[PDB]
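> Pasting a structure here, questions to come.
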Amino acid sequence: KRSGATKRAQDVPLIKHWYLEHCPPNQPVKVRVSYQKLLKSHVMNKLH
Amino acid sequence: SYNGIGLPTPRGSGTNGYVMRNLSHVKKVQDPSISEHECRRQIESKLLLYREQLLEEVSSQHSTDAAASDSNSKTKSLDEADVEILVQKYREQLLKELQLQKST
Amino acid sequence: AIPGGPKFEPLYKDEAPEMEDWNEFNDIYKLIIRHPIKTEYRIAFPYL
RNA sequence: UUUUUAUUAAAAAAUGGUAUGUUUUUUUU
């Protein structure tokens with residue numbers, strides 16, 4: 001950009017793209033479930 | 001929930017879902033020669049038409065010769081005698097068919 | 001459910017046999033099977 | 001004909017278990 005509007009500190013997620021993308025392979029079960037659950041919360045947020 | 005396998009929601013069942021692949025699924029001439037005869041008759045008729053074209057070309061040559069003799073329009077070489085030479089052609093081709101039937 | 005994505009509740013529980021009829025429409029008898037219709041097809045072209 | 005991927009949960013209060021109701025004034029003339 002080079003020009004913006006100075007969001008608040010808590011309005012910058014910093015890792016949202018980590019779970020918006022696909023899960024990396026060979027991860028344990030709990031990590032895959034965590035990716036999926038965070039994605040589910042985001043989808044519910046966008047739907048409403 | 002996926003490819004027709006699974007339950008709509010794991011709530012209400014004592015399970016977590018988690019469908020698995022089976023991992024043990026067994027993934028296993030012509031009878032009426034008159035056709036050829038009629039085709040031969042048709043091609044003979046077309047050969048006759050070809051000879052009629054040759055007759056027309058000879059007629060053009062005759063017209064040119066008549067015009068040259070006048071110098072010393074369009075004319076026709078033979079009105080019906082070509083049909084008699086065609087009759088000779090019919091006789092020759094009938095002889096050829098008889099010989100071919102003799103050979104077979 | 002896309003197998004890497006979230007899973008929600010049905011949102012439409014009206015699928016009982018109220019018609020009580022297979023409708024002689026979706027029956028195997030009059031259907032050419034070539035390849036299975038995956039759910040990816042049902043999501044990519046939802047109206048067809 | 002070669003390969004797969006899919007993982008619900010989850011703790012606190014009151015019911016529920018040492019009821020409850022009572023209980024000390026400065027004038028007469």
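How things are named: the first chain in the structure tokens is A, the next is B, and so on; residues count from 1 in each chain; ligands count from 1 in the order shown.
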Distance limit 6 Å, atoms considered: only C-alpha atoms (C1' of nucleotides). Which chain B residues sit that close to chain D? Return them as a tab-separated table (two decimals) with N, CA, C and O atoms, in the first residue's frame.

chain	number	residue	atom	x	y	z
B	10	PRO	N	-22.23	-35.29	14.47
B	10	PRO	CA	-21.88	-36.26	15.51
B	10	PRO	C	-22.63	-36.07	16.81
B	10	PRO	O	-22.54	-36.94	17.68
B	11	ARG	N	-23.35	-34.96	16.99
B	11	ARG	CA	-24.16	-34.78	18.18
B	11	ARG	C	-25.35	-35.72	18.15
B	11	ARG	O	-26.01	-35.87	17.12
B	16	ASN	N	-17.69	-39.97	17.60
B	16	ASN	CA	-17.13	-38.72	17.12
B	16	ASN	C	-17.24	-38.56	15.61
B	16	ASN	O	-16.73	-37.58	15.07
B	18	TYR	N	-15.72	-39.50	12.29
B	18	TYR	CA	-14.45	-40.04	11.81
B	18	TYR	C	-14.66	-41.31	10.99
B	18	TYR	O	-14.35	-42.42	11.42
B	19	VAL	N	-15.29	-41.15	9.83
B	19	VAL	CA	-15.40	-42.26	8.91
B	19	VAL	C	-14.03	-42.57	8.32
B	19	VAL	O	-13.22	-41.68	8.08
> Could you work out which residues of chain A fall inside 7 Å of chain C? Count only C-alpha atoms, and format the result as a list in words.
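Result: residues 36, 37, 39 and 40 of chain A.
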> Show me, as JSON lines, the residues of chain C having an atom within 6 Å of chain B, each with the closest atom pair and its distance in Å, using only C-alpha atoms.

{"residue": "C:1", "atom": "CA", "partner": "B:1", "partner_atom": "CA", "distance": 4.9}
{"residue": "C:38", "atom": "CA", "partner": "B:3", "partner_atom": "CA", "distance": 5.3}
{"residue": "C:39", "atom": "CA", "partner": "B:3", "partner_atom": "CA", "distance": 5.6}
> Write to file, as a compact mmCIF listing (two decimals), in the first residue's frame, the residues of the selection just made, with C-alpha atoms.

# COMPACT_ATOMS: atom_id res chain seq x y z
CA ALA C 1 -18.27 -31.22 4.26
CA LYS C 38 -18.52 -36.25 -5.72
CA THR C 39 -19.50 -33.47 -3.36
> CA of residue 11 (chain C) and CA of residue 37 (chain C) are how many Å apart?
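The value is 22.0 Å.
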> Near chain D, which residues of chain A fall within 9 Å when you count only C-alpha atoms (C1' of nucleotides), and what do they look like as a list in words?
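Written out as asked, the residues are residues 29, 30 and 33 of chain A.
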> Taking the backbone alone, and naming residues the way the document does, which bits of chain C are helix (DSSP H, G or I) by DSSP, as a list in words?
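DSSP on the backbone gives helix (DSSP H, G or I) at residues 28, 29, 30, 39, 40, 41, 42, 43 and 44 of chain C.
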> For CA of residue 78 (chain B) and CA of residue 62 (chain B), determine how far apart the two atoms are, in Å to one decimal place.
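We find that CA of residue 78 (chain B) and CA of residue 62 (chain B) lie 10.0 Å from each other.
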> Would you mind listing, for every residue of region 63-102 of chain B within 12 Å of region 39-45 of chain B, the two atoms forming the shortest contact and the distance between them in Å to one decimal, using only C-alpha atoms, sorted by chain and ascending residue number, as a tab-separated table?

residue	atom	partner	partner_atom	distance
B:86	CA	B:45	CA	10.5
B:89	CA	B:44	CA	9.7
B:90	CA	B:44	CA	9.0
B:92	CA	B:44	CA	11.5
B:93	CA	B:44	CA	8.5
B:94	CA	B:41	CA	10.5
B:96	CA	B:40	CA	11.9
B:97	CA	B:40	CA	10.0
> Quick one: write out the picked residues with C-alpha atoms as a compact mmCIF listing (two decimals), in the first residue's frame?

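Below is the file that was written, part.txt:
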# COMPACT_ATOMS: atom_id res chain seq x y z
CA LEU B 86 -23.68 -48.67 -77.63
CA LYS B 89 -21.00 -52.26 -76.11
CA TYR B 90 -23.92 -54.00 -74.38
CA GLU B 92 -19.44 -57.00 -75.34
CA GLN B 93 -20.19 -56.38 -71.66
CA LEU B 94 -22.76 -59.20 -71.61
CA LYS B 96 -17.70 -60.26 -70.33
CA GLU B 97 -20.26 -61.04 -67.61
